[PDB]
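Taken together, the values in this text are just the output of simple stated rules run on the coordinates, not laboratory data. Positions of Cβ are generated from backbone atoms using ideal geometry, with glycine treated the same way; all protein chains shown enter the neighbour counts.
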Amino acid sequence: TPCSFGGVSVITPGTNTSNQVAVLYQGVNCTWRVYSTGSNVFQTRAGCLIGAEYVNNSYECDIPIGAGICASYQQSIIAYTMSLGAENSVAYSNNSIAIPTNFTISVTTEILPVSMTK
Amino acid sequence: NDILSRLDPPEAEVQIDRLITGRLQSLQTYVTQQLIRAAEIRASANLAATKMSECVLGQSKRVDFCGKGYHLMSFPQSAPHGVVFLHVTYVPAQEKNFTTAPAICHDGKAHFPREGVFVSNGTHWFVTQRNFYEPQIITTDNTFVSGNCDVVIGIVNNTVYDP
Amino acid sequence: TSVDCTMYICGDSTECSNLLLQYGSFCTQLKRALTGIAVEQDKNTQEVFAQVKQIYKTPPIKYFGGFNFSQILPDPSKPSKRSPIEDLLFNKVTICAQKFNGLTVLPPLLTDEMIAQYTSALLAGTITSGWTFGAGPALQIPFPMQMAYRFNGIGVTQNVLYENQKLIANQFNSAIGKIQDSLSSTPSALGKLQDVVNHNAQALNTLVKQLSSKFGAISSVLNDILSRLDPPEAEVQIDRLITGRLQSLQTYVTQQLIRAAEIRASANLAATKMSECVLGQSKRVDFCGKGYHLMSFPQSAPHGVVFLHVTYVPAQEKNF
Amino acid sequence: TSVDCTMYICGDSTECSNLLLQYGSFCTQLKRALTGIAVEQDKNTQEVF
Amino acid sequence: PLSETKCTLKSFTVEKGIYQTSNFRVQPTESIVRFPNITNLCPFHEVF
């Protein structure tokens, strides 16, 4: 079975913000053959991520990773799992109605291309 | 021209034959990619024309098509190689919970609202609509009668004023 | 999918890369196109599924007017939080060497559990809040009220449903129970997803078989030409092998773009049916089923979605 | 429409087919694509009419 | 690797997000050959 190749990707925040980065290897297993170490080593299904820590919290996604993993910037880079949204439970009954009383109006914008340069 | 100036015409076609083929493949790839982009550009333009016809010139009833929530209006504005839409929509803000019943029993007769929801604050019963809270007194003209007071489930005894 | 423009064209020989540097500006465009298709395919499922920004959950008790929904709501007894219909679809729908020649596959950003949660929230919202949750704050409504209000939308007075809700619930339960054996009777309809897979699966298979090809060369294997021939004449075989493999790559990329265009069109249509047939009661004829349309329910599937359209039709007629 | 790859590319000569066999894995792709377009075009009439 | 990202992006200020560089390509360590054993004890000793 031949030796597996990689595919290296770079996680970075804004250059105006900072310069600390993280390095991800696609499909490569660390659990292993990654030359050396850094701040931390993680073992996602997408690959092996170094230069960031994993937390048990849940936030929204700004920079996607894969397999429901997303990284963000706090003084350090933190990777975490997907948070699909705020948890809600609406009460159901045989005789319960929620009737609105007040209302708002709003405006939204939609950008549509039409034609490009001949 | 340096190939022509340096070499001798029998080996010219030996040298400059693959330049023509390579530039031809580059042109072919560019034309194919332009056609690929133009197809989806035309599809987006057709969608924009549909939104021009439906959202602007009328009040479309399709959900989520002409904005978010119930759609009231739209405005067009031009843009460099494009268009932008300002959708004016309407949403509810505040809600309150109430108790209901599918029909009203009166004189052994079921009563069904002609247009609205039967609600109660605890003591009296009223009929409203489905997007605002305007209670009204139950009267003959806002309801209609079809059947008796045993077949349905969830009815409640009440009174109906006759004008 | 993603590919390496050097590993596929050339092995572990630097001279092949040096002769590839004569062209140079091709596989950068190829990689850009491939990652564009990859990010577009990641984007495609997002507006199809993630349309509500407030995940709901079902109440524990089910006083749903006699309607049975156990087939579509997730079962907590099964370790995977899915529905029996979803289990049937997963069972009825069916590599490393492909991963080991410079071609890799990438996992989707959303896994199966999160899209299952999205679908469960969709059924919860369309069951316990009516259709108001597609506009603003969700407002709870009892299910017979919603059923009567959907009956009111097809020119039928609401007293019919309250008069015959027992027969309506029995018909709904029988029609729901028929659909499991209807799906399990024949695998033909699920073929509508099978052609998505194998046509992709053969797409690299006809490409990886193109390595062993004498494209005007003495042999498809590269290093034996270097070990046998004398380096000023090795180029006349290296260049034709390189150009043949480049043409194969170009054809594969073009065909992938052709497939991705209509796949995106179908995804946009599916998003439209999510917007109209689920979150509301569309009055377009034949769009949300056959006959007069009442509701629809979504279910996930491997690389796809399936709608259950609940519609209404007349049965008996008399002349007057 | 439908085409024959071997007769269009090469005439009634066997060695031209032998040289075409060096590429080998090409003609089936255009044949499959052409029959896919043919069956789709014949299919469109059912849902339009 | 941020300098490699700047080199790849042909710019000085990269914005954010996922970017692409080369592959890992772990290298072989040594080389091992395998051949069948015995020369059938070719009787050159009886010749000499």
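Before moving on, here are some points about what is shown:
- If you go through the stretch E:6-21 and pick out every residue that is surrounded by 13 or more Cβ atoms within 10 Å (Cβ to Cβ) and either of a type in the set (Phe, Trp, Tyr) or over 19 Å from C:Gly36 (Cβ atoms) (or both), you end up with 2.
- C:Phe172 fulfils the conditions (1) touching a helix residue (DSSP H, G or I) at 6+ places or on another chain (Cβ under 6 Å); (2) in a helix (DSSP H, G or I); (3) more than 9 Å from chain A (Cβ to nearest Cβ) except for a single criterion, (1).
- Residue match in the stretch E:29-36 (condition: within 14 Å of chain A (Cβ to nearest Cβ), surrounded by 10 or more Cβ atoms within 10 Å (Cβ to Cβ) and closer than 28 Å to C:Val3 by Cβ): no
- Extreme residue, surrounded by the fewest Cβ atoms within 10 Å (Cβ to Cβ), among residues of the stretch C:103-112 that are in a loop (DSSP other than H, G, I, E, B) and in contact with a strand residue (DSSP E or B) (Cβ under 7 Å, 6 or more places away or on another chain): C:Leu106
- Residue selected from the stretch B:82-111 under the condition touching a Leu at 6+ places or on another chain (Cβ under 6 Å) and aliphatic (A, V, I, L, M), by the criterion nearest to B:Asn148 (Cα to Cα): B:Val88
- The stretch B:46-61, subset surrounded by fewer than 17 Cβ atoms within 10 Å (Cβ to Cβ) and either outside any helix (DSSP H, G or I) or in contact with a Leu (Cβ under 9 Å, 6 or more places away or on another chain) (or both), residue farthest from the other protein chains (Cβ to nearest Cβ): B:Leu57
- Only one entry in A:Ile69, A:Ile111, A:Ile65, A:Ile78 is among the hydrophobic types (A, V, I, L, M, F, W, C) and either within 14 Å of chain B (Cβ to nearest Cβ) or closer than 30 Å to B:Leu35 by Cα (or both), namely A:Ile111.
- Flag if C:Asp224 is of a type outside the set (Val, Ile, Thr) and closer than 21 Å to D:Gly24 by Cα: no
- Test: residue in the stretch C:294-302 that is within 19 Å of the chain's Cα centre (by Cα), surrounded by fewer than 19 Cβ atoms within 10 Å (Cβ to Cβ) and not in a helix (DSSP H, G or I): yes
- Restricting attention to the stretch C:117-160, the residues being crowded, with 20+ Cβ neighbours inside 10 Å, in a helix (DSSP H, G or I) and of a type in the set (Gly, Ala, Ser) number 6.
- Residue selected from the stretch C:253-279 under the condition more than 9 Å from chain B (Cβ to nearest Cβ) and touching a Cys at 6+ places or on another chain (Cβ under 8 Å), by the criterion nearest to C:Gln29 (Cα to Cα): C:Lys273
- For the stretch C:144-160, residues that are more than 9 Å from every other protein chain (Cβ to nearest Cβ) and within 17 Å of C:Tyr63 (Cα to Cα) total 2.
- None of B:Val152, B:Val145 is more than 35 Å from the chain's Cα centre (by Cα) and in a loop (DSSP other than H, G, I, E, B) except B:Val152.
- Residue identified as over 23 Å from C:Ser83 (Cβ atoms) and in contact with a helix residue (DSSP H, G or I) (Cβ under 8 Å, 6 or more places away or on another chain) among C:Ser266, C:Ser300, C:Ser282, C:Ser296: C:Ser282
- Hits in the stretch C:103-138 (condition: within 13 Å of chain B (Cβ to nearest Cβ) and of a type in the set (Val, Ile, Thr)): C:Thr126, C:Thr132
- Residues (of a type in the set (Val, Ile, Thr) and not in a loop (DSSP other than H, G, I, E, B)) located in the stretch A:1-18: A:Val8, A:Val10, A:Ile11, A:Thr12
- Looking across the stretch A:82-107, just one residue is assigned to a strand (DSSP E or B), within 33 Å of the chain's Cα centre (by Cα) and crowded, with 19+ Cβ neighbours inside 10 Å, and that is A:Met82.
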